[PDB]
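Topology and contacts: notes
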Protein chains: 4
Amino acid sequence: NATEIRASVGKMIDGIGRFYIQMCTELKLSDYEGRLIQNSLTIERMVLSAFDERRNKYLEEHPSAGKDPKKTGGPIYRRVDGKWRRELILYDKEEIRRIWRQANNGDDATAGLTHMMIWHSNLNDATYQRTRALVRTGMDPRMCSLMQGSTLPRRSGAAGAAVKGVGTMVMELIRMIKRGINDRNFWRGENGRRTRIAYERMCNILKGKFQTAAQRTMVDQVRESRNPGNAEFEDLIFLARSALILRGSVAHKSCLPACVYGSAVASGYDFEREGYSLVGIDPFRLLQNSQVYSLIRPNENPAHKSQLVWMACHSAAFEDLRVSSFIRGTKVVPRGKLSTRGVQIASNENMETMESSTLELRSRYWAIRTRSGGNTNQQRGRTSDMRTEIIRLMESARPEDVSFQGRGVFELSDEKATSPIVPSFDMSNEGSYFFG
Amino acid sequence: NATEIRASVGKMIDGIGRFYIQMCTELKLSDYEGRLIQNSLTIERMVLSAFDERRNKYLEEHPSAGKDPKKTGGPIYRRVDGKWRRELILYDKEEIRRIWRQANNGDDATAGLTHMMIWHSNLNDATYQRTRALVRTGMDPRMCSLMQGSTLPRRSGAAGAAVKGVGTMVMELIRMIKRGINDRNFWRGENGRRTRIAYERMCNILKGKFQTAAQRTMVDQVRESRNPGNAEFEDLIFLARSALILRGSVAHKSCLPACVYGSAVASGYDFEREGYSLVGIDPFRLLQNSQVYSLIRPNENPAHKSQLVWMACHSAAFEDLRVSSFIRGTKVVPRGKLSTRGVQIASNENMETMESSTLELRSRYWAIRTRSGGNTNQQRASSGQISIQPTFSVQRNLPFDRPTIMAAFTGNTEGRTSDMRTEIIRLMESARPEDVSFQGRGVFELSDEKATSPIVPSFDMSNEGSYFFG
Amino acid sequence: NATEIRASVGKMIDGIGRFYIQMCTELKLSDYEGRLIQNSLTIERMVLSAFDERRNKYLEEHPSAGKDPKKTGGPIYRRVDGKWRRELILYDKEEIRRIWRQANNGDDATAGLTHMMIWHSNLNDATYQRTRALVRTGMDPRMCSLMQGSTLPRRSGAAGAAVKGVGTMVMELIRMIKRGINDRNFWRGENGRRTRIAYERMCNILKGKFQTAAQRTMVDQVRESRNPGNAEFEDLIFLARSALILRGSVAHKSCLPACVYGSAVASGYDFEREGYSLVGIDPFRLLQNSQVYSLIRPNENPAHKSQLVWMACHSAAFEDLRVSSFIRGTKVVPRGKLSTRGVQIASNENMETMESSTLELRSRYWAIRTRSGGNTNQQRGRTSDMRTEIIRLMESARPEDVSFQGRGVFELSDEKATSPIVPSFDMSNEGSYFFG
Amino acid sequence: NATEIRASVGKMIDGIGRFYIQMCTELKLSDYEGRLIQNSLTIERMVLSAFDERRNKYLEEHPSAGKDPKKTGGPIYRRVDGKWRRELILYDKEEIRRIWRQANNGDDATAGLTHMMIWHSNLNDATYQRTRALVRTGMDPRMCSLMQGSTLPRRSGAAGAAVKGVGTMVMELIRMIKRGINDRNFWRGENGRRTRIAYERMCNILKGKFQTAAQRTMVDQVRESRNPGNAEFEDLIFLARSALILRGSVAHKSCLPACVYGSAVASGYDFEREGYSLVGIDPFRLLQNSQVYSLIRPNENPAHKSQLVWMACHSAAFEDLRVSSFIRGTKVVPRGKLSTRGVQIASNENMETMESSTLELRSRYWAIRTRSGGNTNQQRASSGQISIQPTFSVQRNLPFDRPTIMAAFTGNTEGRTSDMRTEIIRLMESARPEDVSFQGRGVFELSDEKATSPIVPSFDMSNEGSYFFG
RNA sequence: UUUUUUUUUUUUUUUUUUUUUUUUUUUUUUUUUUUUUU
RNA sequence: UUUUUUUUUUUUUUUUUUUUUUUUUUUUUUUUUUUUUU
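Residues numbered from 1 in each chain as written, not as in the entry; some residues may be left out. Chains lettered and ligands numbered in written order. Heavy atoms only, no water. Residues with missing side-chain atoms left out of burial classes, pairs and counts.

The record lists cryo-EM as the method behind this PDB entry and 9.2 Å as its resolution.

Looking now at the overall build of chain A. Within chain A, the secondary structure is distributed over 18 helices and six strands. Here the C-alpha radius of gyration of chain A, 23 Å, is about what a compact globule of 436 residues would show, namely 22 Å. Seen through its C-alpha atoms, chain A measures out along the principal axes to roughly 70 × 60 × 50 Å. (Helix = DSSP H or I, 4+ residues; strand = E, 2+ residues; numbered from the N terminus. Rg over C-alpha atoms; globule rule 2.2 N^0.38 Å.)

As a further point, take the overall build of chain B. A count of helices and strands for chain B gives 18 helices and six strands. The principal-axis extent of the C-alpha atoms belonging to chain B is close to 95 × 60 × 45 Å. The long-range fraction of contacts in chain B, counting pairs at least 24 apart against all pairs at least 6 apart in sequence, stands at 62%. (Contact = heavy atoms within 4.5 Å.)

The next subject is the pairing of strand β1 (residues 75-80) of chain A. Remark: a regular strand shows side chains that alternate across the two faces of the sheet. All names here are of chain A. Bridging between β1 and strand β2 (residues 83-88) involves six bridges; their strand directions are antiparallel. Bridge pairing links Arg78 to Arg85 in β2. Counting the residues between successive antiparallel strands, the hairpin from β1 to β2 contains two residues, one of them, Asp81, with a positive phi of roughly 50°. (Pairing = 2+ DSSP bridges.)

Between chain A and chain D there is no contact; the minimum C-alpha to C-alpha separation amounts to 16 Å. The closest approach of any C-alpha atom in chain B to one in chain D is 40 Å; the two make no contact.

What follows covers unusual backbone geometry. Located in the positive-phi region is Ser428 of chain A, a residue other than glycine, with phi close to 50°. If you trace the backbone, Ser428 of chain A turns up in the segment after β6 (410-411). Here the phi dihedral of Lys28 of chain D falls at roughly 55°; this positive angle occurs in a residue that is not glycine. Relative to the helices and strands, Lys28 of chain D resides in the loop between α1 (3-27) and α2 (37-51).

With 14 residues of chain A at the contact, the number on the chain B side is 14 residues. A per-class count over the side of chain A that touches chain B returns six nonpolar, three polar and five charged. (Nonpolar A, V, L, I, M, F, W, Y, C, P; charged D, E, K, R; others polar.)

The next point concerns the environment of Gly10 of chain D. Residue and element names in this part refer to chain D. Note that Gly10 resides in helix α1. Residues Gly10 and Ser277, 267 residues apart in the sequence, show an inter-C-alpha distance of 7.8 Å. Setting aside chain neighbours within four positions, we find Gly10 in contact with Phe271 and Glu272.

Encoded structure:
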């Protein structure tokens, strides 16, 4: 049944929106200031810093960074008669812990935590990707497309584990392998047993993510090495460059700004009654009547900022630019010529230059975002023997194979997925590559 | 965090200034004599000769040079009613060792040693550069600009290693290569292992100093030769003449005279409390209210001597003359027509001719001195995506950059790896004497403390000459 | 040249005897009490506890065992008019450190330390052998004969390393192997490097100890294992049971009681002038005119005690009983029917029962004790292939092969090794086995 | 060191005695009523029912037996002017949990729990032994002597595991084997893994309990069966009837009534200062000046009740009657003609017949109770040298014990390993009912404190009967 | 002519055992009573 | 119909580099002086 899942997610987002309402009440912010992305961003890093129970335990025994008992950051942006000012207001974790506890009807609301931390991962992937660490592990910078969910820490659950990319898992496992190579860390002690356990958990997440049998079997055989040394490093690099084309079935969770939920809940649109979905039309229509204000530099233009915000909201920064333009109805500029910077504001930037303006989120069309792979795969002793089939499959692969047969782009006016329209692009080589 | 580094350097310079105070107390010198550069210079060669533990061990087993048990030199200059007299006062190392130990609160203070020895290297580079050794190794005398930190011996640490120039490392490595060519010194013994170790330490210092990937890779491949013979000699000469334009990111440590620190500490300006920095405004403002006296020949003029002292203090002898003039506000005379000599006084020079006078160190402006490079190396292989991920479920093609996909996988036998000089040549051809560097940074005024608003300089004064030598 | 070695050992033993003279002066003991083995034994454990610089450093950071700042034990035995009384007199290390420093003319005298600690190892091997640890490592108790120098710690030098038995090294290496198996201790850290270094030092000591090429080569190949696991355990057990017959050339250092040296030095017999030797006639003739008193239980007999003391002095507890009887001239009782106990006295034993009496050390003959092996050996991919030659050599070995051709037992009256007498035993099967 | 163990046990028993003091304060009982065994017995079943965390968790999900939220039993006996009355006062666990927590200075005091539960096991073994379960598993009723610590559940730690008898472990393992035979319970699930783990823990407890190598090896080989079926049942029955004579080294923990500790603590005899021991003179001298009152039926005699109480206190119900009589100084009546019943009072017995009187615990002598075995197992394979080392350089043969040298090397295929019962039988035949044990140890007098001089007992009183049952 | 290195708790009651040795939970049992009965 | 684990120091000045980064000793040199001479 799907009604129970819809009711659960509706209750969750209703609690999130009511927490947004209460923070707006408590912060004494104006109506416009309650529609600012920066305030929600800072509040949600406060959120993660309050539920990072592992880091809370680590920092209680580590009193450093000066004035850091329980309070971090808090750069609240406020309006005086047109101008803007930031105040470093410090909030302790514990009261916000109870305000959450009262916001979800006595529950912890860890799932909502997973969705907010994933949405932060989505915005991070949209804005900046780290070839720095990618080459720190020595892997080439050609695979920036598989850094989805890279910023997500381990503390997230299965729902968080679903959206992390294959390359993110590759980086996380190579970190553990290099740590176990630097020092003899795999002893029979509890630490070795626990890192072992985390290793097979991440590995069966990996093998669940893939679709073709060959890569699943070679991941199975990579496990057979009780002592991860150097050979497994190139083995899993080969796995990664095979997943470049033999991509894993990774989900795309549609989370939206902290405000969008709050404005919807404030207006009285109860999500429990009519039901809510995370993959269907829902996050599209909530943005059809949503107003969002944002802060922009004197050199930054808002036109690219709105498109980057739509990237962050719908996690389409790793998709083809042509398709995103089709759903937008307007051309989406690649990152090569974006005359904009990161959404977050640096701690040293002055305030006389900063200017607030609206963001456009309306899209002409809507589409389903399933956790499936291209139809091209369906059309098609050690690790090297399977690398041979990897090579022959890569040779069989073509840049022409059309995927996603039987599905299409839909119009906004339809609610039950009745009749789609088939898109068709013949616009030469505009560039289906967000980076480069 | 940067507060801890500031506190550490403040404590270090406070200890240095207090040691200067105690030497002034012990030497029974007057107020004017405590503001003489020569006294600090001699005292600091005493300093290095007392912490040169390697040379101490070498000389204990080598009792030569006549009366040299523990005492060397010591030409202290003193005033009698206007006139000057030098006394060869000999100080043993050990008591000064304990006076240091009490001056840094029970610590050895080796970092301060590194900064004083670097400052001696700075003054040496400002005064005299050795094409003698540069052609002893046979390298042409055109590269005198890369002799920064040449006088620095190996005993300095990482902080000392940061400021040594690329050419200094080239000279040091060619010395070892020629020694290993003269005799079969790379045997499996401990000496060969230790010289090997020092070799890779100097080489990863080198590759850390560079910025572009091509030179970093060719330095990596130079390492692959287990037996350094003759080919590596021209290989690293090519490396050096490539670094002529593809310069390495070498730091510029701002050390000041032995007295300047002592006068500041004596007045009660504690550096631990307000914090201290080695790159920012700090050494500039301490010289804004510093008085320095110096010794000058009857033919030498003090006007060029003050500018040469500013060179030595701020290690700007290898920079453009126009920029140094802009910060000075007055024209800086190149070494071609400097009617002056070395700061240090020869052991045979008479004293009736010698005359003491003030030095000018005030500068109209101040600027940050980062360990970065210009901007003319970024035209080669660009980055970008190679694959795509389906976000929306739309019936569309999945664009794959296939010809690079084979390139990553491939699976054949590479021909060879020896043509990086070719990219060196093409980068040199791409380089122009017009490319402006250091975008987004500017020269600042003295009255500002937090780097608020700079002023952009602009020189159109023909070809006055941006070359300190020649 | 051999004169320099003789002069060095003579100077060393002269310093030792002068230290014995000064301890007799300082302790205010009588003439008889200066000829007691127990006093010298306690004083020499004080000696080792004062030069155990490693243990000194370990105990300074570990203030335990109640009153233990610098002083340990010290059960000095004294006579009142026939009866005996023990006093627990505590001496600190440091003053005895300087008294040594003045006793060896400003030198540390570490070699003398090695000889005293070896002589303690000799007495320990003579009295009690530990099958407890031998089966703690799981090795069978059949090899008690290779426990020579077992009590010797690592701190001894090359001279100490020469006399340690093959089985002692086997036990020491198995201890390190089991420690490295229990935890991942072979990391790239300094501890792993240092235990590695100690490992090859002990191994080339081992391969120096052996004589035949096959065992030297298999010890060389045992080294090739960078990770000592379980296979090397049985490999080196096979090495040990091969050394059972293919015995290693282990020296036998002839050290004598703390008093014997002191009495000789007190009488004015300077050893520097006439020269001294550790293998030749020397320790034999010094015992020809030496008087020794010892403490005996009311049930213990002195007849077996004197023979056990001769065992401890000449380290002949692992030799054939028949030969030791021949040099003695009297039958030597094996340990099976020795109605005696350990030489050292337990801390709880009462004093009214204890009785002091002389010990006999005179021997009818004298013999050289070289660090060579039996002449029987001269008559004759992995570890198992060499185990094959081990088995065939063992089969070629016979319990009849006579060894030590060209050498014989000598008389006391001869000084320059002129003419020996060939012994010949036909006394059935009296038993050439000290244990069992 | 032994001082730390003595201090720990002294602190533990001091906490126990202080808890007894506080229960006496809270229950408003008189001085005489505080010296009753029944009150302490009921209070200590309350104790075990409060720390039976496993049963607490099982009963919270199982609300049965009527009024049983947190309270069980509680038959407190009280005096009115000579007569006796029982009140069913119900106490919840949780407040007593905190009163313990405050009684042991913030600690849980689980060790004390182990000693009280062992002392309940001791009294149960003294009073009634279950041939009912012994024949439920089908084992003959001849082995009632190995039911020591039978009532002890698994929750006890290593200290509790030490005192459980061999037969108790045999019963516990046969229960698990029969459960695994009834249903396929050894699957790869967590339950199978955990019962497996408990199985090897109980088995290495077993092999630690034994002394001779043969039984230790056959227990090792019993483990090799991954699927415990029927053969292992008779295998371990043979193990048990071998342990009948080849007894295991099982300890005898000397616990005393709940009151005895309380009276000693109340008088101010701190056990931490002077030290306490569980095996030495200690529990003997505390009973030398201890007063105990008990409840007796109108038909029961107190003379046998005092002796049975001494049995329960010192766990001597499985020992020879003659020895217990010697330490007592009076004849100890075997259970065949004991005109008494169980110490605990049935829930339906009336109160007009019940009469309270003193108990005698004074003993003429004292003895150590070590966890060692007799002496009749040392006739088999002896040890000794196999090789020799040449000490003197003499022309002589090197004696080698060749036939054992092949035996150590060998290199063939062993026939089988299932004939250890054969050595069991031959050892049993070698065993005699005459072999005297415990050489070098004797019975001591009360006046001695440091184990100075014993007296050797000697019994020639025919066949009075060294068998408590039958 | 062959040599003083230190890494988290051991040992002289004694001669071939013993360990300074430890709070885990899985579907219904038991105090009318002492060797049967379900 | 698929899920909150914690182990010794990191990060919001910024968008693809830079590192919070460090006292080793091997057979005769150098302050008459600034680019030669041995």
